[PDB]
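Heads up: the structure comes next, in structure tokens.
Lettering follows sequence order; numbering is per chain, from 1. Computation of the quantities below employed the complete heavy-atom set of this structure, encompassing side-chain atoms and omitting hydrogens, waters and symmetry-equivalent molecules.
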Amino acid sequence: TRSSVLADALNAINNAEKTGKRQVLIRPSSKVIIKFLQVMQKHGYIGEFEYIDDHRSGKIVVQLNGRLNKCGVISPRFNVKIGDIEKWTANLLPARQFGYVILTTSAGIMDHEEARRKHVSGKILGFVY
Amino acid sequence: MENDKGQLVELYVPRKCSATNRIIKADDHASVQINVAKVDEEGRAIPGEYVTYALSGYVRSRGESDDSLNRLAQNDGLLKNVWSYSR
Amino acid sequence: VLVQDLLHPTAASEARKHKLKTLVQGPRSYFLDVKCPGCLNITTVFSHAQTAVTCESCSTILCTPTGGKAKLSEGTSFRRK
Amino acid sequence: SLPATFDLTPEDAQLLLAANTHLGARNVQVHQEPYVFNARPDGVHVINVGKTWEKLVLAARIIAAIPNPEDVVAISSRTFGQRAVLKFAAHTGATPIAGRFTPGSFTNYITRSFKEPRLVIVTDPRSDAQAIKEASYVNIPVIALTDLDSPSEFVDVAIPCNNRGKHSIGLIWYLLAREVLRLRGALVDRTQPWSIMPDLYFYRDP
Amino acid sequence: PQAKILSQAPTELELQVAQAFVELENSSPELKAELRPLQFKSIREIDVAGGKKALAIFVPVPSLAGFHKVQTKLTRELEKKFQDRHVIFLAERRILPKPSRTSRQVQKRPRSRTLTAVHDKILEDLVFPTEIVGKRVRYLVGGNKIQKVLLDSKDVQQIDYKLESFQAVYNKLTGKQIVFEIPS
Amino acid sequence: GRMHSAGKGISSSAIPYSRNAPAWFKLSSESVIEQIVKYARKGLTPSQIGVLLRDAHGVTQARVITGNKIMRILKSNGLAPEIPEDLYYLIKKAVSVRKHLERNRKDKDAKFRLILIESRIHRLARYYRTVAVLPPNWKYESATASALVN
RNA sequence: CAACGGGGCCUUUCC
Ligand SMILES: [Mg+2]
Ligand SMILES: [Mg+2]
């Protein structure tokens, strides 16, 4: 059954990117998906996304701009320490100068750059580049 | 990509597809560059004056180059009722 | 494709799609005012009725259940809500 | 960008209607073409002749944008389009390919072959898949007369027309040649019907 | 009577409307049945960009059904009484804050007291006569979110001219960007 | 889906987006509640109460019109059943299969189906015991299932 | 003067 709606959403976005579609519909569009999409949009990997509110869990339509190489989740959400953030980035990212590891922290969902300049840690949530 | 003191150190800054915004590689021999002549004052097809679109080998192989060209053309003008956003 | 308005699909496409596969799901059924051969009430009947609806003050069947939409007993006048 | 003079006219609109260009393929239509107007009964689909004209004008603009007329190659294997491409390359400075395509004409840089065009026009992608394949090999743009069931792979500019009809084939080629000539300036004003009468492009077996 | 419908400490912000609320009641005895028992509370004015102001008449909302039933017929009377003003009836709904990790324990924080749900009900009360047919939430590239509300074609002609007033009042009440449209 | 099969059915009700009663509905909330209590006194389950209500009347959903679900209304009025309705129907089906099996002893397909139905019953009863609908010592017994269904 | 992080006040809410 459905175990990670964030994983489903990111897989759908990855498939749409690989096929060259400039828009994608994802369901059921949870808050964690909203925050992940917000981080991706703020870093410019996706364009505008709009939340469809049916009285069910909802849907999200994202506009893709072709700048996304790959977004995916890390399941399970491993606990990541300050020293382990660097190891995760080295393992997951194509280069040290771009790409983003996204964490869910007590200060909110944010990328590893914001985590390192806020001196916060948490559980790993995904990546984007 | 540039080094310190702002010098462009990467050779061959590459083109991108006008439909998918992906890089046109040096070996992508299925890609095309479509130039459409400009028109003013009853035609005459001004030589050397073009509107340029890049279509990638992936789009062409998927057969989406036609629809992508329709959309891009109509976005730039050049076509009145061919492409519909809603489908 | 590779560009389409997923947020403003055509009404024809939304009518063609399955009732659950539309952008926002909703029922395709409706309700009907049936004029009974008697009087004193205009009877409300579900389109996809499962029960053989009878008159409040009579003994005629208004509809017979079917796999999908119910029939109308072959004597009926019906308005759609 | 194109004025109402470039816009479609009733005379060539009714010319297309007589040529039956709008009578598209049967319920089998490739789901890559929104060029299908409302579906006519008995299965045949009506092709939007307005979109046909607009795409033909765009393709003509591209052909006229190609600097050297000899670097434009018109390709037809079907007899319904062999005369069309021959007369097209007669009126325009194009290079015709009628009959067999002698595969290796874009690769294989040897004699008797290896034309190097900047553009290729094909009457039917299904029967001219070889030319389209070689164009995809050597970065050649493709304009194709595509019916609602014609494949769109490696086809850049699809002009919707009936390809079961020699009338539609000949008239579409005639219109393309006339319009590209008008862009080139051979025809000074876009009000004359270019008196050369459009039966030069129809195939005649007897 | 103002003394009858006080429901709060008398203030000049609402004295005029509470006095005018008696005149139609006196001149329309047939409206006594549905208008007599209902009673309102503090009313505040929201500036609109078109130089107008909107009177958000708040009610403690035990008896919101009465205002809903009589609202379509005294709204026009109220803008006739005083122009340059858009009159809207809102409920007064308590918000309980979401309990924190170190907060004290209160009993279960009913879902009707949540900030999201009360804002949805505020928007419904704002557009009472017209039923909402859809909602969307647009997250711009800049980072701000705007809520689009899709309204049905039926009965919308009583609010078609005060949609901007609705938007201004909602933005003042919440700080959240709203846009109304009627999907045709 | 299809807990005890390979089916992939998706057919279900698609209740409306609107959370309010339709504009053409004029019956009172108390009137529909009285109809509900009358049907329950007649002895109908909530499911068929809702079906008959929606068919012979204009009530699209007692939940949207009366503001309460049908089983909740029945419990509030003191007409709640001794066991939940779905568990009751599962136990009735299990009784029917067990009786059909004790006749003629050779329907191995019936034995398999009875195993499936009893597993379903045990899962539902476990859920009900966890949510405290059923007593913590409640136990489904094949020997008394008939005496419990009637 | 720019960016980044920290804290507090109302906004129906408290440290
Ligand atoms: Mg299982
Ligand atoms: Mg399924």
Per-residue contact mode, D:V155 against chain B (heavy atom under 4.5 angstrom): backbone

Would you say that more than 12 heavy atoms from the other residues, nucleotides or ligands in this model lie under 6.0 Å from the OH of B:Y85, or not? yes

With a 4.5 Å cut-off on heavy-atom pairs, point out which of B:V59, B:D28, B:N70, B:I46 contacts chain D the most. B:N70

Taking the side chain as every heavy atom from C-beta outward, state whether D:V142 and B:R60 have any pair of such atoms under 4.5 Å apart. yes

Just give me the residue among D:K51, D:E153, D:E54 that pairs up with chain B most often, heavy atom to heavy atom, under 4.5 Å. D:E54

Taking everything shown except D:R118 itself, do over 12 heavy atoms lie less than 6.0 Å from its CZ? no

Taking C-beta and beyond as the side chain, do D:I62 and B:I34 meet within less than 4.5 Å on heavy atoms? yes

Do the side chains of B:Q33 and D:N139 get nearer than 4.5 Å, heavy atoms only? no

Of all the heavy-atom pairs spanning D:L183 and B:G43, show the shortest one and how long it is. CD1-CA, 4.4 Å

Answer yes if the side chains of B:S65 and D:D156 hold a donor-acceptor pair under 3.5 Å, and no otherwise. yes

Heavy-atom proximity to chain B below 4.5 Å, by part of D:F154: both

Is it true that, when you exclude B:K25 itself, more than 12 heavy atoms of the residues, nucleotides or ligands shown sit nearer than 6.0 Å to its NZ? no

For D:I140, is it the side chain, the backbone, both or neither that has a heavy atom under 4.5 Å from a heavy atom of chain B? backbone

Pair D:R61-B:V39, side chain to side chain contact (heavy atoms under 4.5 Å, CB included): steps then yes or no: CA-CA 9 Å; D:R61 290 181 61 168; B:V39 164; 4.0 Å; yes

Looking at B:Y50 and D:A65, would you say the former's side chain and the latter's main chain have a donor-acceptor pair under 3.5 Å? yes

Rounded to the nearest 0.5 Å, how far does OG of D:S152 lie from CZ of B:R62? 10.0 Å

pair B:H29-D:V138: side-chain heavy atoms closer than 4.5 Å: no

Which bit of B:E49 is near chain D, if near means a heavy-atom gap under 4.5 Å: side chain, backbone, both or neither? neither

Salt bridge present between B:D66 and D:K55 (N-O < 4.0 angstrom): yes

Test log, rule side chain to side chain contact (heavy atoms under 4.5 Å, CB included), inputs B:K80 and D:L8: CA-CA 11 Å; B:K80 294 181 176 67; D:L8 177 67; over 6 Å; no

